[PDB]
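Everything on this sheet refers to the single structure shown next.
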Ligand SMILES: C[N+](C)(C)Cc1ccccc1
């Protein structure tokens, strides 16, 4: 009973990823999801960009091929719901 | 009265760089709309520029043709719209 | 509909305020969009009514109904917190408003 | 604490409505942007101060200190023309504030 739910990578690409999630019910929709991505190794911080909360898809660009990455989708808040994080090797 | 100081700075046969005095802070207006067309047989063209910006560019003009350019206030009660003439 | 129009703004705002509690700091879509939608409708027709209706009538009606409508809407939608005793203060706050506008 | 932000939102709406009267119908860029900033902040202030205090309570205090501060700076801007009903009615709602505030 947490939002978002079901974080998947729709389309892949060596330098880009297309992902989506289940925003839940209409009362579970939020105003802005902030999404964070970075390297799996952890020798770097984390890149962050927001996206309005009426859209359930997000496109990321500027990745390096072959490297395994970790993607995490947040909420406008964070201490009131639960986030999801996945991995993907381009 | 508020849109003032209208003259062409740089003039290419196909483009015109225009500027104006956007007033002065408290008389700064939200936007200025710029209308340029043939001096008309051909249709007239229009776009808008934010009001903090005192300059704007006009591209895609035919060489030699004389044009008429008009810069309007975002509303009206800032004075008559200033207009001039130039030949590329 | 001359004053019923004015009553449309006071009620549209009465609704949007109670929806703002659900907006959760403009972080919950549908109430966050709802409270901005209820206020722009209040904005719209307020400019319409104010063409004929004066001024001190609008605020005085706003205070009274809003102190009554949304407080009774908060007594039903959510409940009550209350961090000071006198409830009659809102009516006396309104009374101080009534005798600075109408008087 | 909560009545500090409520009074802050009172000051915010008052500044926004005065900058609206200065600018024309969404025209004068500097006060027009000042109105948008003052509103989006006051709305974000009310959206945060209403979860603390009861909604009807902040509604009254704002409707009170709203006109109180609007007319307060009215004599300090145009030399506005009123008198006894305005000043004693100000202290009336102001007293009404005390019994809904701390
Ligand atoms: C969006 N309003 C015009 C209703 C602002 C307001 C006015 C008075 C009291 C609370 C809020």
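With chain C treated as a Gaussian network of Cα nodes joined by springs under 10 Å, which of C:88, C:37, C:70 yields the largest mean-square fluctuation?
Of C:88, C:37, C:70, the Gaussian network model singles out C:88 as fluctuating most.
Among D:94, C:40, C:94, rank each residue by its count of other Cβ atoms within 10 Å, from fewest to most, as a rough exposure measure.
On the way: D:94 15, C:40 11, C:94 23.
Lowest to highest Cβ neighbour count: C:40, D:94, C:94.
Full extension from residue C:78 to residue C:4: what is 0.36 nm times the residue separation minus their Cα-Cα distance, to one decimal in nm?
23.9 nm
Which of D:29, C:72, C:45 has the fewest other C-beta atoms within 10 Å, and how do the rest follow up to the most?
Working: D:29 22, C:72 12, C:45 15.
Ranking D:29, C:72, C:45 by Cβ neighbours within 10 Å, fewest first, gives C:72, C:45, D:29.
In nm, give the distance between the simple-model label positions of residue A:61 and residue C:51, each being 7 Å from the Cα along the Cα-to-Cβ direction.
Each label point lies 7 Å from its Cα, and together they span 4.8 nm.
Can you give the % of DSSP beta bridges in chain A that are antiparallel, to the nearest 5? If you can, show how the numbers build up before the last one.
Values: 26 of 26 bridges.
Approximately 100 percent, going by the DSSP bridge assignments.
Report, in deg cm²/dmol and to the nearest 500, the calculated mean residue ellipticity at 222 nm for chain C, where each DSSP H run with n ≥ 4 adds -39500 (n - 2.57) and the sum is divided by the residue count. Write down the numbers at each step before the final one.
On the way: 4 runs with 77 residues, N = 103.
Dividing the helical sum by the residues of chain C leaves -25500 deg cm²/dmol.
Hey, how much of the P(r) for the stretch C:24-103 falls beyond 18 Å, as a percent of Cα pairs?
Working: 1892 of 3160 pairs.
Pairs farther apart than 18 Å: 60 percent.
Expressed as a whole percent, how much of the Cα-Cα distance distribution for chain A exceeds 15 Å? All intermediate terms of the calculation are to be shown ahead of the outcome.
Numbers: 2256 of 4005 pairs.
Roughly 56 percent, rounded to a whole number.
One-quarter of the Cα convex hull surface for the protein assembly as shown, in nm²? Don't skip to the answer; put the middle values down first.
Numbers: hull surface 109.9 nm².
The number I arrive at for the protein assembly as shown is 27.5 nm².
What is the diffusion coefficient of the stretch B:42-88 in µm²/s, taking the Kirkwood radius over Cα pairs and the Stokes-Einstein relation at 25 °C with a viscosity of 0.890 mPa s?
Working: Rh = 12.5 Å.
Translational diffusion coefficient: 196 µm²/s.
Determine the shielding of peptide B:29-38 by partner chains: average, over its residues, the number of Cβ atoms on other chains within 10 angstrom of each Cβ. Present the calculation step by step, with values, prior to reporting the outcome.
Details: counts 7, 10, 3, 0, 0, 0, 0, 0, 0, 0.
Going residue by residue through B:29-38 and averaging, the value is 2.
Taking the beta-carbon count within 10 Å as an exposure proxy, list C:99, B:18 from fewest neighbours to most. Write down the numbers at each step before the final one.
Working: C:99 18, B:18 22.
Exposure proxy ranking, most exposed first: C:99, B:18.
Let me confirm one metric for peptide B:77-83, namely the mean number of other chain beta-carbon atoms within 10 Å of its residues' beta-carbons.
Details: counts 3, 3, 0, 0, 0, 0, 0.
Mean partner shielding for this stretch: 1.
Cβ atoms come from the backbone with ideal geometry, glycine included; neighbour counts cover every protein chain shown. Read-outs: derived from the displayed coordinates by stated rules, not from any lab.
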